[PDB]
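Next comes just one chain, in structure tokens: the form deposited in one PDB entry.
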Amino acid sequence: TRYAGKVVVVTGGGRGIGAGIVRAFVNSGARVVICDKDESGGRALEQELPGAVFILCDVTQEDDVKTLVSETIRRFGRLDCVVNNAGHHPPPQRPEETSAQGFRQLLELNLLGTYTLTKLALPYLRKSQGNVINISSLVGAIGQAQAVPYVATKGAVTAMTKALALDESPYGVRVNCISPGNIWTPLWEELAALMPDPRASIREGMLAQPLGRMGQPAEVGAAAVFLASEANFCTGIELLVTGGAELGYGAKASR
């Protein structure tokens, strides 16, 4: 009932954090459009959840995004909230191992895809006095080792959130972001499998938080529903969902 009658688009909603956000909004009473470039997860989610439908869309293709917005309006008549969750973390890479072309490609997904959907949705969000929620990362704020391009893209997302909150405030459209820490998702599982010692890498990821565990997609989802439905005086904020990983001293050097 908390967000009943509202219409929500979630990008990258087929698995992981995105799927947790989809479930949270459905459980809140909203109708949800699942955007994803992969069919398998999103199509099953649509079969599972009444009130969720899947639309195939690669957020780096402007025509895909144009079609995503116009199909949402044609099928549901309004748009109240856009959750820009689609993104990717490459394998760990030393700075000298990165390239400018890989950096550009990551900017297309993590940053320009967020920019494009937000721009095309804003005319409808103004009509509904809706809101924008970007999924950024704690490492945009504190940095990360072996991830120069990834960290740069999330620093941009968090900053862009504040700029757009300023521009859209006169229209009553709020723009906020969530900065998760280590959340246990298929990407976390995939990247750990490439590590020399997968079990050790997962152990270290759980101990990076004072709480002693990683986060869950449903916990990012609850934060998103809060920002959409009950945070009417919040705009341009960065909501940390990190288990306290940024607090206090810890071992940062190995020698």
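What we label the rigid core is the largest C-alpha set whose atoms superpose within 1.5 Å from one form to the other. Numbering starts at 1 and follows the sequence shown.
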item	value
Mean C-alpha temperature factor, higher of 190-198 and 205-213	190-198
Mean C-alpha temperature factor, higher of 88-96 and 171-179	88-96
Third of chain Cα B-factors occupied by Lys119	middle
Third of the chain's Cα B-factor distribution that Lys127 belongs to, per the entry	middle
CA B-factor placement of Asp36, once the chain's modelled residues are sorted into thirds	lowest
Relative C-alpha B-factor of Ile133, binned into the chain's lowest, middle or highest third	lowest
Cα B factor band for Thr242 (lowest, middle or highest third within the chain)	middle
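Absent from the display: the form deposited in another entry. The rest refers to it.
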{"property": "Displaced position between the shown form and the other one, chosen from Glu230, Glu189, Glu62, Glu219 (C-alpha, 2 Å or more, rigid core)", "result": "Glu189"}
{"property": "Rigid core fit then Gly29 CA moved by 2 Å or more between the shown form and the other one", "result": "no"}
{"property": "Core-aligned C-alpha movement of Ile202 between the shown form and the other one, 2 Å or more", "result": "yes"}
